[PDB]
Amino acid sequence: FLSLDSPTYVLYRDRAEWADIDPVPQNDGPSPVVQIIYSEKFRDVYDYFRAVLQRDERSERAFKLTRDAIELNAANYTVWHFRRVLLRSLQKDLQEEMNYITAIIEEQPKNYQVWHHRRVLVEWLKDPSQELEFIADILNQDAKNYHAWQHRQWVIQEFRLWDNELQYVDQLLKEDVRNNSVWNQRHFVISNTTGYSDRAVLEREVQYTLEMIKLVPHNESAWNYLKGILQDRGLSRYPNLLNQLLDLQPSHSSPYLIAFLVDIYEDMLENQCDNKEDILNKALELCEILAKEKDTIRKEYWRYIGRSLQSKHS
């Protein structure tokens, strides 16, 4: 009722309807460690939360108090737990609670507790009606919010709402083709619907990826996706890729293309390829160029790949 940041907000020790209860201050012991000098509002709210928690008072005023406790520290899982106890015990309208959590997540989307609470509600009501849309609004403010994507995957898996997700992925990929979260979502939707075994789908996917790479040669996400959907069955299983990549090396080059080439060669050297002698050298040359010129930040890694490749193909 009385907002925590309202001009007429009153501390709990000054509220008539709370005179009967004596607050229970926090016991940090005689010689405090990492002692936080809480503000007046803060310790007032928690001193009374502790009182209500100890007495295990499952009242409406207690319910209202948890909201204030949550607003002061949305990360206090103990308060969230007590609130869920009250929600059930007091038989509170859960849609009303859905409205409430919607609001708190908007305010603090990078918090574990607020999302878990929403999950519990959706689970209770067995209703995912507003999930995909709510998440889209959060993702519209932060396209890479980890909690939001995890909640989205959960809702889709549990209630089987796959039909329109690949489209949503395309929308966001168009907005920012560098959004690694969307590429992950793309792989999430495809592998749980059609799969990457249907050659028509693998075809479509590699063409799209190669297409995005032509457009943004230095976007590591498109590359990681191409590697991830092909490394499964082995890169050497696809003979045309090798040279096709070599085709855009004089123009669409990047240390990302060079590295994929090395990845294709080491799979070749591992699957009995013709002229193994020449390929091992091609690989060791690319490794050297990477470690010394094109991608020196990973020099230790590239010298390792060079060595290991020798160690087993010399």
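All residue numbers are counted from 1 along the displayed sequence.
Asker: On mean C-alpha B-factor from the PDB entry, just flag whether 236-244 or 109-117 is the higher one.
Answerer: Higher mean C-alpha B-factor: 236-244.
Asker: Which is higher in the entry, the mean Cα B factor of 205-213 or that of 67-75?
Answerer: Taking the mean B-factor of the alpha carbons in each, 205-213 is higher.
Asker: Using the entry's values, work out which of 37, 279, 52, 34 has the largest Cα B factor.
Answerer: 279 has the highest C-alpha B-factor of those listed.
Asker: Going by what the PDB entry lists, where does residue 48 fall on CA B-factor within its chain: lowest, middle or highest third?
Answerer: Lowest third - that is where residue 48 ends up once the chain's C-alpha B-factors are sorted.
Asker: When the modelled residues of the chain are sorted by Cα temperature factor, does residue 199 land in the lowest, middle or highest third?
Answerer: For residue 199, the deposited C-alpha B-factor lands in the highest third.
Asker: Of the three thirds of its chain by CA temperature factor, lowest, middle or highest, which one includes residue 184?
Answerer: Lowest third, going by the recorded CA B-factors of the chain.
Asker: Split into thirds by Cα B-factor across the chain's modelled residues, where does residue 153 land: lowest, middle or highest?
Answerer: Its C-alpha B-factor, which the entry lists for residue 153, ranks in the lowest third among residues of this chain.
Asker: Compare the C-alpha B factor of residue 231 with those of the other modelled residues in its chain, then answer lowest, middle or highest third.
Answerer: Top third by C-alpha B-factor.
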